[PDB]
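Engineer: Chains as they are written, first to last, in the UniProt record's numbering: chain C, 2 to 270; chain D, 438 to 482, 517 to 582; chain Z, 7 to 284.
Every residue, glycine too, gets a C-beta built ideally from N, C-alpha and C.
I am attaching a structure below and will ask some questions about it afterwards.
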């Protein structure tokens, strides 16, 4: 159980997540005793959601879901239609519409597609929510993937002195299904996981949503930078290190003379 | 309130009527006539009879349309006066009743 | 009650899809999930066999010490492999390198002499030019055609920083006199997992044809072609990384706004910038 849970963690840590559902099926058909909180630890992909009473696309996640009834922020309704419509602050619901609107604009600014959905609620002093951006590898390019931006906005909204607190949890899945002739059958990708906090004296001109877009974008940039740098160069490091295109019988003597230069440095120091 | 389903609500129910203050003097009248009923049922087994009479007179017929303002304010002191007529009578009965009944001749005399 | 037969395909899928280096440890973890070796070995034996045959699993007999690779051209199926250079038949375990009883077999053996110098020059270049790049050229005279089988493995498995990566490639110089063919397939499987998933998988499979001359000409010819194609595609991969930074990222996640400079969130909060002009 517990040791099996650790095995499943290392499993998922090393399993190819393009088979999350089939790998999860292997996990259930292998250990159904630990079928309790599978997706609590195991990271899930995103799910399409189209409203029908309104007719607008939204997303399917954890907090919008009520048992099996997902909340539609277009109609603020639980699907399958239930009278169990436990909905949060209506004012914040409209503010959420504005937030998701701005973020749909934002995804149309940096992504031009996909769906953004920050499903929030209303806790005691603060609350939390989830940032959801579903944008797979578009058919416009044979290079594909599955962009899933799942983030947790954790607003520890204080009261005295118009201040509040923020905490961002992050993860963005995406593949690199680049199978061009020059790329052969290149495929790479994954997701990261980071966090950050904030203690802002939140005014009215810069709301919580503004902070969200700001630091979230900043985080995304850090992620993108980390990917592009560390992981790409890392892979290339391993490539050129293992399979090199460098003829030896030269580097030894040249570095030997360089060491002689270091000797000369020591001759004066 | 629960079917509204708006947000985290802070409504604290405040329930308090105005007939409570009137009920207070009425409860004093309850206990007054109650213990006075006990008094007229006790005074048989004799000056205490007339004492309870005059006390009940001077305290019941000064009710003043039983308004709780003067009820509490001054009729509470009038009830205290009634307690002193009654309290004194009870103490006297207890003191001499103890000394006499505790000095019975025999068991039959005790009966 | 789940049927444990499903777990056979579960662990088989786990074994086959396991990247090199990340196989025995999590495989034992899969056993911990199963708590049985018999149930595991119901299909894990065949899974071990094929998973090692295709992944170019390093094997090394003490009599030759060429660091041969687990494939099908030495294999017999009875945990007994054969030398692609001196045709010794020898038992060989698979959860470890327990090999014994060398038995030099016999075949047409002409092609063996050809692949001797072919693999000699090839292996010389591969050793003196690739760090962990090491090859093994199997040989088989099937269907009246000699087969030069080049198998290259290259890895560095030190996951202390949660990283692994391995290169494998098989190139066949199908000696079909007069015009032999240059057939071949690559194999890439790199993986990093310190806070982020990295699953690099790629290949290239091509084939050409040219008329047989002798041993040296065809040796340097075939190896030179594969050599340049690999270096060429390695350079292409470097450029693919260059195509990532500019195209791929901005093809999905752009870096700048439409004005390409900043984002005024309060301007999004209000003003209605002119959404009713045109």
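Among 10(C), 54(C), 51(C), which one has its Cα closest to the Cα of residue 35(C)?
Structural biologist: 10(C)
Engineer: Look up residue 167(C) in the DSSP assignment and give the residues it is bridged to.
Structural biologist: 199(C)
Engineer: Is it true that the CB of residue 38(Z) sits closer than 9 Å to the CB of residue 8(C)?
Structural biologist: yes
Engineer: Taking Cβ to Cβ, would you say residue 240(Z) is nearer than 9 Å to residue 244(C)?
Structural biologist: yes
Engineer: With DSSP as the reference, label residue 581(D) as helix, strand or coil.
Structural biologist: helix
Engineer: Under 7 Å between beta-carbons, which chain D residues line up against residue 88(C)? List them in chain order, please.
Structural biologist: 442
Engineer: Is there a Cβ of chain Z sitting closer than 9 Å to that of residue 228(C), yes or no?
Structural biologist: Using beta-carbon distances, residue 228(C) counts as an interface residue toward chain Z, with a partner under 9 Å.
Engineer: So which residues of chain C does residue 57(Z) contact, with C-beta pairs closer than 9 Å?
Structural biologist: By Cβ distance, chain C contributes nothing, its closest Cβ being about 15 Å from residue 57(Z), past 9 Å.
Engineer: Identify the continuous alpha helix (DSSP H) that holds residue 528(D) and give its terminal residues.
Structural biologist: Residues 518-531.
Engineer: Using a Cβ cut-off of 8 Å, which residues of the segment 72-98 of chain C contact any Cβ in chain D, in chain order?
Structural biologist: 86, 87, 88, 89, 90, 91, 92, 93
Engineer: Using three-state DSSP, classify residue 566(D) as helix, strand or coil.
Structural biologist: helix
Engineer: Thinking residue 142(Z) and residue 75(Z) are a contact (beta carbons under 8 Å), I'd like their distance in whole angstroms, please.
Structural biologist: 5 Å
Engineer: Between which two residues does the alpha helix (DSSP H) holding residue 247(Z) run?
Structural biologist: 221-249
Engineer: Do residue 86(Z) and residue 49(Z) have their C-beta atoms within less than 9 Å of each other?
Structural biologist: no
Engineer: Which residues bound the beta strand (DSSP E) around residue 155(Z)?
Structural biologist: The continuous beta strand (DSSP E) containing residue 155(Z) extends over residues 152-161.
Engineer: Using 8 Å as the threshold, is the segment 248-255 of chain C in touch with the segment 241-261 of chain Z, meaning 3 or more CB pairs across them?
Structural biologist: no
Engineer: Along the segment 235-247 of chain Z, where does the CB come closer than 9 Å to a CB of chain C? Name the residues.
Structural biologist: Listed in chain order, the positions of the segment 235-247 of chain Z with a beta carbon within less than 9 Å of a beta carbon of chain C are 236, 237, 239, 240, 241, 242, 243, 244, 245, 246, 247.
Engineer: Quick one: list the residues of chain Z neighbouring residue 197(C), beta-carbon separation under 8 Å, in chain order.
Structural biologist: Chain-ordered listing is empty here: chain Z has no CB closer than 8 Å to the CB of residue 197(C), the nearest sitting near 14 Å.
Engineer: Can you pull the chain C neighbours of residue 445(D), defined as C-beta to C-beta under 7 Å?
Structural biologist: 123, 125
Engineer: For residue 557(D), does the three-state DSSP call read helix, strand or coil?
Structural biologist: helix
Engineer: Scan the segment 196-227 of chain Z for residues whose Cβ lies nearer than 8 Å to a Cβ of chain C and list them as they occur along the chain.
Structural biologist: 196, 197, 198, 199, 201, 202, 203, 204, 205, 206, 207, 208, 209, 210
Engineer: Please report the straight-line C-alpha distance between residue 123(C) and residue 153(C), rounded to a whole angstrom.
Structural biologist: Their backbone Cα atoms lie some 14 Å apart in a straight line.
Engineer: Would you decide whether residue 14(C) is buried or exposed? Buried here means 16 or more other CB atoms lie within 10 Å of its CB.
Structural biologist: Exposed.
Engineer: In the DSSP output, what is residue 198(Z) paired with across the bridge?
Structural biologist: 169(Z), 204(Z)
Engineer: Is it buried or exposed, residue 124(Z), if we count other Cβ atoms within 10 angstroms and call 16 or more buried?
Structural biologist: Residue 124(Z) is classed as buried because its beta carbon has at least 16 other beta carbons within 10 Å across all chains shown.
Engineer: Can you tell me whether DSSP reads residue 260(Z) as helix, strand or coil?
Structural biologist: Residue state, collapsed to three classes: coil.
Engineer: Closest Cβ-Cβ distance between residue 107(C) and chain Z: below 9 Å?
Structural biologist: yes
Engineer: Thinking residue 146(C) and residue 177(C) are a contact (beta carbons under 8 Å), I'd like their distance in whole angstroms, please.
Structural biologist: 6 Å
Engineer: On the criterion of 16 or more Cβ atoms from any shown chain inside 10 Å, does residue 31(Z) qualify as buried, or is it exposed?
Structural biologist: exposed
Engineer: Could you tell me the distance, in whole angstroms, from the CA atom of residue 170(Z) to the CA atom of residue 77(Z)?
Structural biologist: 22 Å
Engineer: Helix, strand or coil for residue 182(Z), going by three-state DSSP, please let me know.
Structural biologist: coil
Engineer: Please determine if the segment 125-141 of chain Z and the segment 197-216 of chain C are in contact, where contact requires at least 3 C-beta pairs separated by less than 8 Å.
Structural biologist: no
Engineer: Which residues, in chain order, does the segment 248-260 of chain C contribute to contact with chain Z at a C-beta distance below 7 Å?
Structural biologist: 248, 249
Engineer: Per DSSP, residue 213(Z) is paired with what?
Structural biologist: 189(Z)
Engineer: Do you know offhand how far residue 94(Z)'s Cα is from residue 140(Z)'s?
Structural biologist: 21 Å
Engineer: I need the boundaries of the beta strand (DSSP E) containing residue 98(Z), first residue and last residue.
Structural biologist: 94-98
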